[PDB]
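Contents: one structure, followed by commentary.
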Amino acid sequence: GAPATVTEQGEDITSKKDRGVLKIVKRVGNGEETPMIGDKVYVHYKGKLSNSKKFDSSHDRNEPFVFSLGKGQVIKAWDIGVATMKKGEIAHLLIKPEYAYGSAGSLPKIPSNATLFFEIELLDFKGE
Ligand SMILES: COc1ccc(CC[C@@H](OC(=O)[C@@H]2CCCCN2C(=O)[C@H](c2cc(OC)c(OC)c(OC)c2)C2CCCCC2)c2cccc(OCC(=O)O)c2)cc1OC
């Protein structure tokens with residue numbers, strides 16, 4: 001399924017090349033620009049724990065999910081991965097614990113050493 005496709009064909013977008021964040025572009029976006037650190041980003045997404053025990057559709061549609069890029073408002077994998085997206089792009093991200101909640105997790109929602117998967121659509125981004 002989608003996570004296995006990212007394992008096998010995904011691009012490693014980590015600085016260390018440790019496969020901690022793997023990406024596939026599922027729908028190509030518009031133009032060439034991608035957001036800079038400090039830009040406000042607007043996304044729709046859905047995500048899950050790799051063991052399929054929790055799923056998040058809070059912003060699948062409904063209200064956009066909004067955060068300032070590269071400011072630690074989200075897990076490290078998102079500041080890395082959303083930054084690589086074009087407006088209108090849809091991407092899949094597969095994320096190891098070191099780029100999400102680590103050995104600590106975020107109990108009881110996120111267990112220790114959880115792998116996460118997301119489908120993310122970048123709607124827009126704007127300068128601070
Ligand atoms: C810099 O480090 C961190 C920053 C922020 C957090 C909190 C969780 C942080 O969650 C995340 O960064 C990732 C990626 C963005 C979407 C949410 N997300 C999650 O893991 C999801 C998540 C996690 C949550 O809490 C852990 C949520 O809050 C209850 C949550 O609410 C919608 C969603 C997971 C849910 C289970 C299935 C797997 C996904 C968060 C949650 C909700 C909104 C956020 O920013 C926008 C806003 O405030 O409107 C940020 C943890 C951080 O470190 C572990």
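Chain identifiers are assigned as A, B, and so on, following the order in which chains appear in the structure tokens; residues are numbered from 1 within each chain, and ligands are numbered from 1 in order of appearance.
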
Pick out the residues no farther than 10 Å from ligand 1, counting only C-alpha atoms and all ligand atoms, and list them as a PDB file with N, CA and C atoms, in the first residue's frame.
```
ATOM      1  N   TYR A  42      -0.439  26.641   4.527  1.00  0.00           N
ATOM      2  CA  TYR A  42      -1.838  26.226   4.639  1.00  0.00           C
ATOM      3  C   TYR A  42      -1.921  24.853   3.990  1.00  0.00           C
ATOM      4  N   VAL A  43      -2.381  23.847   4.751  1.00  0.00           N
ATOM      5  CA  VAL A  43      -2.420  22.480   4.210  1.00  0.00           C
ATOM      6  C   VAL A  43      -3.734  21.798   4.579  1.00  0.00           C
ATOM      7  N   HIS A  44      -4.054  20.789   3.780  1.00  0.00           N
ATOM      8  CA  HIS A  44      -4.972  19.724   4.203  1.00  0.00           C
ATOM      9  C   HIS A  44      -4.147  18.440   4.343  1.00  0.00           C
ATOM     10  N   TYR A  45      -4.476  17.583   5.278  1.00  0.00           N
ATOM     11  CA  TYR A  45      -3.712  16.336   5.416  1.00  0.00           C
ATOM     12  C   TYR A  45      -4.578  15.291   6.082  1.00  0.00           C
ATOM     13  N   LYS A  46      -4.076  14.074   5.996  1.00  0.00           N
ATOM     14  CA  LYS A  46      -4.541  12.997   6.895  1.00  0.00           C
ATOM     15  C   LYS A  46      -3.333  12.106   7.182  1.00  0.00           C
ATOM     16  N   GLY A  47      -3.363  11.477   8.319  1.00  0.00           N
ATOM     17  CA  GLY A  47      -2.225  10.692   8.786  1.00  0.00           C
ATOM     18  C   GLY A  47      -2.573   9.560   9.684  1.00  0.00           C
ATOM     19  N   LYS A  48      -1.602   8.710   9.882  1.00  0.00           N
ATOM     20  CA  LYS A  48      -1.801   7.521  10.702  1.00  0.00           C
ATOM     21  C   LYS A  48      -0.511   7.027  11.330  1.00  0.00           C
ATOM     22  N   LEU A  49      -0.653   6.281  12.412  1.00  0.00           N
ATOM     23  CA  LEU A  49       0.471   5.485  12.921  1.00  0.00           C
ATOM     24  C   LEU A  49       0.638   4.333  11.985  1.00  0.00           C
ATOM     25  N   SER A  50       1.842   3.894  11.814  1.00  0.00           N
ATOM     26  CA  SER A  50       2.161   2.843  10.808  1.00  0.00           C
ATOM     27  C   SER A  50       1.453   1.553  11.174  1.00  0.00           C
ATOM     28  N   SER A  52      -1.551   1.381  12.094  1.00  0.00           N
ATOM     29  CA  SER A  52      -2.992   1.659  11.784  1.00  0.00           C
ATOM     30  C   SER A  52      -3.861   1.737  13.048  1.00  0.00           C
ATOM     31  N   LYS A  53      -3.303   1.951  14.247  1.00  0.00           N
ATOM     32  CA  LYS A  53      -4.105   1.995  15.513  1.00  0.00           C
ATOM     33  C   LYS A  53      -4.718   3.381  15.787  1.00  0.00           C
ATOM     34  N   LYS A  54      -4.244   4.436  15.145  1.00  0.00           N
ATOM     35  CA  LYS A  54      -4.820   5.804  15.247  1.00  0.00           C
ATOM     36  C   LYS A  54      -4.748   6.416  13.846  1.00  0.00           C
ATOM     37  N   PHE A  55      -5.768   7.209  13.456  1.00  0.00           N
ATOM     38  CA  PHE A  55      -5.895   7.933  12.182  1.00  0.00           C
ATOM     39  C   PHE A  55      -6.426   9.353  12.448  1.00  0.00           C
ATOM     40  N   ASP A  56      -5.903  10.320  11.757  1.00  0.00           N
ATOM     41  CA  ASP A  56      -6.211  11.749  11.931  1.00  0.00           C
ATOM     42  C   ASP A  56      -6.706  12.327  10.609  1.00  0.00           C
ATOM     43  N   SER A  57      -8.017  12.714  10.602  1.00  0.00           N
ATOM     44  CA  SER A  57      -8.750  13.388   9.487  1.00  0.00           C
ATOM     45  C   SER A  57      -9.225  14.774   9.897  1.00  0.00           C
ATOM     46  N   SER A  58      -8.690  15.319  10.986  1.00  0.00           N
ATOM     47  CA  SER A  58      -9.125  16.590  11.581  1.00  0.00           C
ATOM     48  C   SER A  58      -9.056  17.715  10.541  1.00  0.00           C
ATOM     49  N   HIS A  59      -8.099  17.674   9.598  1.00  0.00           N
ATOM     50  CA  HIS A  59      -7.894  18.693   8.574  1.00  0.00           C
ATOM     51  C   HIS A  59      -7.840  18.081   7.183  1.00  0.00           C
ATOM     52  N   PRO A  64      -8.379  24.582   6.763  1.00  0.00           N
ATOM     53  CA  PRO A  64      -6.952  24.372   6.614  1.00  0.00           C
ATOM     54  C   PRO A  64      -6.183  24.318   7.925  1.00  0.00           C
ATOM     55  N   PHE A  65      -5.142  23.509   7.907  1.00  0.00           N
ATOM     56  CA  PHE A  65      -4.144  23.419   8.966  1.00  0.00           C
ATOM     57  C   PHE A  65      -3.092  24.482   8.646  1.00  0.00           C
ATOM     58  N   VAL A  66      -2.797  25.334   9.612  1.00  0.00           N
ATOM     59  CA  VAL A  66      -1.950  26.512   9.360  1.00  0.00           C
ATOM     60  C   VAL A  66      -0.816  26.525  10.355  1.00  0.00           C
ATOM     61  N   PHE A  67       0.393  26.739   9.845  1.00  0.00           N
ATOM     62  CA  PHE A  67       1.552  26.868  10.749  1.00  0.00           C
ATOM     63  C   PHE A  67       2.643  27.657  10.035  1.00  0.00           C
ATOM     64  N   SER A  68       3.562  28.158  10.806  1.00  0.00           N
ATOM     65  CA  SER A  68       4.728  28.887  10.296  1.00  0.00           C
ATOM     66  C   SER A  68       5.889  27.909  10.180  1.00  0.00           C
ATOM     67  N   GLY A  70       9.292  25.989   9.690  1.00  0.00           N
ATOM     68  CA  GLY A  70      10.689  26.032  10.132  1.00  0.00           C
ATOM     69  C   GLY A  70      10.806  26.684  11.496  1.00  0.00           C
ATOM     70  N   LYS A  71       9.705  26.766  12.236  1.00  0.00           N
ATOM     71  CA  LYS A  71       9.647  27.438  13.559  1.00  0.00           C
ATOM     72  C   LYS A  71       9.352  26.394  14.661  1.00  0.00           C
ATOM     73  N   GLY A  72       9.401  25.066  14.430  1.00  0.00           N
ATOM     74  CA  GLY A  72       9.089  24.139  15.540  1.00  0.00           C
ATOM     75  C   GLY A  72       7.622  24.216  16.029  1.00  0.00           C
ATOM     76  N   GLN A  73       6.697  24.561  15.158  1.00  0.00           N
ATOM     77  CA  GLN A  73       5.248  24.457  15.481  1.00  0.00           C
ATOM     78  C   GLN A  73       4.675  23.057  15.230  1.00  0.00           C
ATOM     79  N   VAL A  74       5.459  22.233  14.520  1.00  0.00           N
ATOM     80  CA  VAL A  74       5.110  20.861  14.133  1.00  0.00           C
ATOM     81  C   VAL A  74       6.340  19.986  14.343  1.00  0.00           C
ATOM     82  N   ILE A  75       6.169  18.689  14.221  1.00  0.00           N
ATOM     83  CA  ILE A  75       7.296  17.752  14.270  1.00  0.00           C
ATOM     84  C   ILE A  75       8.308  18.082  13.180  1.00  0.00           C
ATOM     85  N   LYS A  76       9.549  17.696  13.456  1.00  0.00           N
ATOM     86  CA  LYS A  76      10.672  18.029  12.563  1.00  0.00           C
ATOM     87  C   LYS A  76      10.409  17.556  11.132  1.00  0.00           C
ATOM     88  N   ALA A  77       9.818  16.358  10.983  1.00  0.00           N
ATOM     89  CA  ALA A  77       9.567  15.812   9.641  1.00  0.00           C
ATOM     90  C   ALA A  77       8.722  16.750   8.759  1.00  0.00           C
ATOM     91  N   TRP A  78       7.781  17.474   9.387  1.00  0.00           N
ATOM     92  CA  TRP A  78       6.940  18.412   8.641  1.00  0.00           C
ATOM     93  C   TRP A  78       7.673  19.710   8.269  1.00  0.00           C
ATOM     94  N   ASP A  79       8.499  20.224   9.183  1.00  0.00           N
ATOM     95  CA  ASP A  79       9.303  21.404   8.812  1.00  0.00           C
ATOM     96  C   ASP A  79      10.277  21.029   7.667  1.00  0.00           C
ATOM     97  N   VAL A  82       7.271  19.636   4.363  1.00  0.00           N
ATOM     98  CA  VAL A  82       6.339  20.586   3.743  1.00  0.00           C
ATOM     99  C   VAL A  82       7.107  21.660   2.970  1.00  0.00           C
ATOM    100  N   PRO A  97      10.632   7.563  14.001  1.00  0.00           N
ATOM    101  CA  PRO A  97      10.397   8.252  15.271  1.00  0.00           C
ATOM    102  C   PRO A  97      11.346   9.406  15.556  1.00  0.00           C
ATOM    103  N   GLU A  98      12.595   9.332  15.099  1.00  0.00           N
ATOM    104  CA  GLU A  98      13.570  10.390  15.444  1.00  0.00           C
ATOM    105  C   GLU A  98      13.139  11.724  14.830  1.00  0.00           C
ATOM    106  N   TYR A  99      12.262  11.711  13.825  1.00  0.00           N
ATOM    107  CA  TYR A  99      11.784  12.940  13.164  1.00  0.00           C
ATOM    108  C   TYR A  99      10.325  13.256  13.573  1.00  0.00           C
ATOM    109  N   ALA A 100       9.839  12.563  14.583  1.00  0.00           N
ATOM    110  CA  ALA A 100       8.449  12.747  15.056  1.00  0.00           C
ATOM    111  C   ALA A 100       8.493  12.819  16.585  1.00  0.00           C
ATOM    112  N   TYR A 101       8.083  11.796  17.324  1.00  0.00           N
ATOM    113  CA  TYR A 101       7.926  11.838  18.768  1.00  0.00           C
ATOM    114  C   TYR A 101       8.957  11.007  19.512  1.00  0.00           C
ATOM    115  N   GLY A 102       9.856  10.346  18.787  1.00  0.00           N
ATOM    116  CA  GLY A 102      10.976   9.640  19.408  1.00  0.00           C
ATOM    117  C   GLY A 102      10.617   8.530  20.354  1.00  0.00           C
ATOM    118  N   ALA A 104      10.160   8.872  23.483  1.00  0.00           N
ATOM    119  CA  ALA A 104       9.187   9.417  24.456  1.00  0.00           C
ATOM    120  C   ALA A 104       7.759   9.136  24.002  1.00  0.00           C
ATOM    121  N   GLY A 105       7.518   9.258  22.708  1.00  0.00           N
ATOM    122  CA  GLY A 105       6.166   9.309  22.176  1.00  0.00           C
ATOM    123  C   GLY A 105       5.415  10.538  22.681  1.00  0.00           C
ATOM    124  N   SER A 106       4.091  10.439  22.690  1.00  0.00           N
ATOM    125  CA  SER A 106       3.218  11.518  23.198  1.00  0.00           C
ATOM    126  C   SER A 106       1.981  10.804  23.727  1.00  0.00           C
ATOM    127  N   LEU A 107       2.146  10.225  24.903  1.00  0.00           N
ATOM    128  CA  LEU A 107       1.203   9.233  25.451  1.00  0.00           C
ATOM    129  C   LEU A 107      -0.033   9.957  25.967  1.00  0.00           C
ATOM    130  N   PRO A 108      -1.229   9.317  25.908  1.00  0.00           N
ATOM    131  CA  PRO A 108      -1.384   7.993  25.293  1.00  0.00           C
ATOM    132  C   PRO A 108      -1.657   7.927  23.778  1.00  0.00           C
ATOM    133  N   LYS A 109      -1.839   9.052  23.066  1.00  0.00           N
ATOM    134  CA  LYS A 109      -2.110   9.059  21.593  1.00  0.00           C
ATOM    135  C   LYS A 109      -0.989   8.401  20.760  1.00  0.00           C
ATOM    136  N   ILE A 110       0.272   8.780  20.983  1.00  0.00           N
ATOM    137  CA  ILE A 110       1.419   8.354  20.138  1.00  0.00           C
ATOM    138  C   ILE A 110       2.313   7.471  20.991  1.00  0.00           C
ATOM    139  N   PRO A 111       2.498   6.170  20.674  1.00  0.00           N
ATOM    140  CA  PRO A 111       3.370   5.311  21.473  1.00  0.00           C
ATOM    141  C   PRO A 111       4.854   5.660  21.274  1.00  0.00           C
ATOM    142  N   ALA A 114       7.215   5.395  17.451  1.00  0.00           N
ATOM    143  CA  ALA A 114       6.188   5.262  16.404  1.00  0.00           C
ATOM    144  C   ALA A 114       6.676   5.791  15.071  1.00  0.00           C
ATOM    145  N   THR A 115       6.410   5.021  14.005  1.00  0.00           N
ATOM    146  CA  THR A 115       6.503   5.481  12.625  1.00  0.00           C
ATOM    147  C   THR A 115       5.164   6.072  12.203  1.00  0.00           C
ATOM    148  N   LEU A 116       5.217   7.198  11.498  1.00  0.00           N
ATOM    149  CA  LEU A 116       4.017   7.907  11.065  1.00  0.00           C
ATOM    150  C   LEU A 116       3.949   7.956   9.548  1.00  0.00           C
ATOM    151  N   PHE A 117       2.748   8.033   9.011  1.00  0.00           N
ATOM    152  CA  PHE A 117       2.525   8.225   7.585  1.00  0.00           C
ATOM    153  C   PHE A 117       1.527   9.363   7.339  1.00  0.00           C
ATOM    154  N   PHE A 118       1.766  10.214   6.401  1.00  0.00           N
ATOM    155  CA  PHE A 118       0.846  11.304   6.041  1.00  0.00           C
ATOM    156  C   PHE A 118       0.670  11.465   4.563  1.00  0.00           C
ATOM    157  N   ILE A 120      -0.380  14.760   2.391  1.00  0.00           N
ATOM    158  CA  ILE A 120      -0.384  16.204   2.658  1.00  0.00           C
ATOM    159  C   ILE A 120      -0.617  16.913   1.353  1.00  0.00           C
TER     160      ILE A 120
END
```

TODO: Write out as a PyMOL selection string the residues lying within 8 Å of residue 29 of chain A, counting only C-alpha atoms and excluding same-chain residues fewer than 3 positions away.
DONE: chain A and resi 85-90

Just the selected residues (N, CA, C and O atoms), exported as a CSV table (one decimal), in the first residue's frame, please.
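The resulting selection-v9.csv:
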```
chain,number,residue,atom,x,y,z
A,85,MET,N,7.6,21.2,-0.8
A,85,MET,CA,6.3,21.1,-1.6
A,85,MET,C,6.0,22.4,-2.4
A,85,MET,O,6.2,23.5,-1.8
A,86,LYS,N,5.5,22.2,-3.6
A,86,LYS,CA,4.9,23.3,-4.4
A,86,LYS,C,3.5,23.6,-4.1
A,86,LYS,O,2.8,22.6,-3.5
A,87,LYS,N,3.0,24.8,-4.3
A,87,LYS,CA,1.5,25.0,-4.2
A,87,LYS,C,0.8,24.0,-5.0
A,87,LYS,O,1.0,23.9,-6.2
A,88,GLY,N,-0.2,23.4,-4.5
A,88,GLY,CA,-1.1,22.4,-5.2
A,88,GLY,C,-0.5,21.0,-5.1
A,88,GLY,O,-1.2,20.1,-5.6
A,89,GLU,N,0.7,20.8,-4.6
A,89,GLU,CA,1.3,19.4,-4.6
A,89,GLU,C,0.6,18.6,-3.5
A,89,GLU,O,0.2,19.1,-2.4
A,90,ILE,N,0.4,17.3,-3.8
A,90,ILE,CA,0.1,16.3,-2.8
A,90,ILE,C,1.3,15.4,-2.7
A,90,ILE,O,1.7,14.8,-3.7
```

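Going from atom CA of residue 11 of chain A to atom CA of residue 126 of chain A covers 26.0 Å.
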
- [ ] Once DSSP has gone over the backbone, tell me which residues of chain A are in alpha helix (DSSP H), as a PyMOL selection string.
- [x] chain A and resi 2-9+76-81

Residue selection dump (C-alpha atoms) as a PDB file, in the first residue's frame:
```pdb
ATOM      1  CA  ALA A   2       0.991   3.634   0.192  1.00  0.00           C
ATOM      2  CA  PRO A   3       3.543   3.325   3.025  1.00  0.00           C
ATOM      3  CA  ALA A   4       5.286   0.364   1.287  1.00  0.00           C
ATOM      4  CA  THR A   5       5.466   2.388  -1.965  1.00  0.00           C
ATOM      5  CA  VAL A   6       7.217   5.195  -0.027  1.00  0.00           C
ATOM      6  CA  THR A   7       9.658   2.687   1.537  1.00  0.00           C
ATOM      7  CA  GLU A   8      10.599   1.250  -1.859  1.00  0.00           C
ATOM      8  CA  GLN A   9      10.433   4.341  -4.160  1.00  0.00           C
ATOM      9  CA  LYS A  76      10.672  18.029  12.563  1.00  0.00           C
ATOM     10  CA  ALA A  77       9.567  15.812   9.641  1.00  0.00           C
ATOM     11  CA  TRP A  78       6.940  18.412   8.641  1.00  0.00           C
ATOM     12  CA  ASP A  79       9.303  21.404   8.812  1.00  0.00           C
ATOM     13  CA  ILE A  80      11.622  19.297   6.547  1.00  0.00           C
ATOM     14  CA  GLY A  81       8.960  17.873   4.227  1.00  0.00           C
TER      15      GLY A  81
END
```

Task: segment 41-120 of chain A: residues DSSP assigns to strand (DSSP E), reported as an MDAnalysis selection string - done: chainID A and resid 41:49 55:56 65:68 90:95 116:120

- [ ] Between atom CA of residue 121 of chain A and atom CA of residue 103 of chain A, measure the distance and give it in Å to one decimal.
- [x] 28.1 Å

Task: Residue contacts of segment 21-25 of chain A (6 Å, only C-alpha atoms) excluding same-chain residues fewer than 5 positions away, as a PyMOL selection string - done: chain A and resi 10-14+91-95

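Between atom CA of residue 96 of chain A and atom CA of residue 18 of chain A lies a distance of 9.5 Å.
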